[PDB]
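S.K.: Here the sequence shown is numbered in the authors' numbering, starting from 1 and rising by one per residue.
For every residue, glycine included, the Cβ atom is placed at its ideal position computed from N, Cα and C.
Below is a structure I'd like to ask you about.
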Amino acid sequence: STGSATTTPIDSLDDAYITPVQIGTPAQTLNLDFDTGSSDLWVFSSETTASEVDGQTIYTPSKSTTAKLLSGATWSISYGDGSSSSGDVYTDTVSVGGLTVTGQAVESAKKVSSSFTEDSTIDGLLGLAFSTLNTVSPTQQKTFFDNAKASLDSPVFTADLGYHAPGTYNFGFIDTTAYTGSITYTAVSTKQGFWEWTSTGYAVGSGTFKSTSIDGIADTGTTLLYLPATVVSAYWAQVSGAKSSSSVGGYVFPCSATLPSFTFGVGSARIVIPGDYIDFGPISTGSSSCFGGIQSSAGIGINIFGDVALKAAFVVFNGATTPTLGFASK
């Protein structure tokens with residue numbers, strides 16, 4: 001089997017991407033944030049505290065003839081950005097772009113943190129990291145990809161995120177028309193439950209390439225590119241007027257400035273992030289100060305190849321017995 005779904009930016013800045021997901025019988029369609037940095041499929045639901053729902057589409061298990069309470073099961077997650085949610089668990093039929101999993105754990109939110117409430121466009125998350133990170137207790141549950149894997153034509157999914165435009169998640173096949181040149185594959189460590197890999201280095205604009213190992217995760221659920229402070233400093237030093245602002249919480253720059261590209265290495269291959277991808281607009285309405293899309297990972301404890309990086313590539317998440325990651329230009 002295969003599946004193929006369009007993923008759509010939630011706003012004009014590509015702050016996140018939502019993908020429609022069918023849950024239950026008859027189908028309830030929710031727009032979920034596909035997140036290769038976590039491993040829970042959780043949704044706004046009829047069980048969510050009423051005051052914490054503000055425009056989201058909810059899953060109502062009682063209206064699904066295939067929903068079954070996973071008795072005794074609870075879940076609770078906190079994300080790197082300080083947000084969180086928790087609740088109980090159902091199993092139900094879940095379909096993505098034609099690909100159907102029966103008995104998928106659907107984690108129903110009783111509580112969500114304010115950032116989730118305040119974002120009307122995201123109805124939940126669909127985690128695509130390794131199932132070892134799944135928070136369901138007492139019995140850890142598998143991700144949608146893990147459940148589908150054996151049935152897929154090939155045990156892979158791909159992320160093709162657009163810049164200020166829709167893109168595609170495919171399951172079970174590699175669309176050879178979706179990228180240029182070849183796909184370069186690189187090793188993955190699953191020891192922290194992430195799609196964790198080591199970039200071979202970077203360049204800033206037309207600058208020479210710096211060969212240096214950068215361990216990080218391929219994370220569709222994180223908006224920006226978070227790299228070591230040395231790397232980030234070298235980037236913004238090439239932007240006139242750029243500065244790190246403690247009050248804003250990162251590098252900002254005047255919108256009149258031209259942003260250089262940023263290149264990262266995948267083995268001997270090179271992925272070029274155009275400068276425009278690194279502009280996240282005014283810090284506040286009407287401000288001439290713009291927020292940067294490359295920021296320091298210092299104090300996160302890990303480097304994160306988020307959407308800013310991934311949307312410059314066609315990315316293969318290869319779930320073979322030994323997982324690997326593939327990157328192509330496009």
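1) Apart from the five residues just before and just after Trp195, which ones in its own chain have a Cβ nearer than 7 Å to its Cβ?
2) Buried or exposed for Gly221, please, with buried defined as at least 16 other CB atoms from any protein chain shown within 10 angstroms of its CB.
3) Straight-line CA distance for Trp42 to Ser240?
4) Sort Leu125, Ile77, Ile294, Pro254 by Cα distance to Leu310 and report the nearest one.
5) Where do the ends of the beta strand (DSSP E) carrying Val248 lie?
6) Tell me the rounded alpha-carbon separation between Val252 and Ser71.
7) Let me check understanding here. Comparing Cα to Cα, which of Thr208, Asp307, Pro228, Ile271 lies closest to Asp215?
8) Our contact map puts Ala178 next to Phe314 with C-beta atoms below 8 Å; I'd like the distance itself, whole angstroms only.
9) Going by Cα to Cα distance, which pick from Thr176, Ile77, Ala269, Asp123 is closest to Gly201?
10) Do you know whose CA, among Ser329, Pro260, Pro61, lies nearest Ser182's CA?
11) Check each candidate in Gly103, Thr258, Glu107, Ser120 and name the one with the smallest Cα separation from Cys290.
12) According to DSSP, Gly201 sits in a beta bridge with which residue or residues?
13) With burial defined as no fewer than 16 other Cβ atoms inside 10 Å of the residue's Cβ, what is the status of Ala73: buried or exposed?
14) Less than 8 Å between the beta carbons of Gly97 and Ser4, yes or no?
15) Say yes only if the C-beta of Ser39 is nearer than 7 Å to one or more non-hydrogen atoms of the ligand NAP, and no if none qualify.
16) In terms of residue numbering, what span does the alpha helix (DSSP H) encompassing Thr117 cover?
17) Under 8 Å between the Cβ atoms of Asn134 and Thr143?
18) Using C-beta distances below 6 Å, list every residue in its chain close to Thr60, excluding the 5 sequence neighbours before and after it, in chain order.
19) Quick check on the burial criterion: 16 or more other C-beta atoms within 10 angstroms. Buried or exposed for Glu118?
20) Short check: CB of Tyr90 to CB of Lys111, under 8 Å?
M.R.: For this structure:
1) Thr36, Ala129, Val188, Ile217, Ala218, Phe317, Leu325
2) buried
3) 43 Å
4) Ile294
5) Taken as a continuous stretch (DSSP letters only), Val248 belongs to no beta strand (DSSP E), as it is neither H nor E.
6) 49 Å
7) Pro228
8) 5 Å
9) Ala269
10) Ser329
11) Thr258
12) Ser211
13) buried
14) yes
15) For the structure depicted, the ligand NAP is absent and the ligand set is empty, with no information on it obtainable.
16) 114-117
17) yes
18) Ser46
19) exposed
20) no
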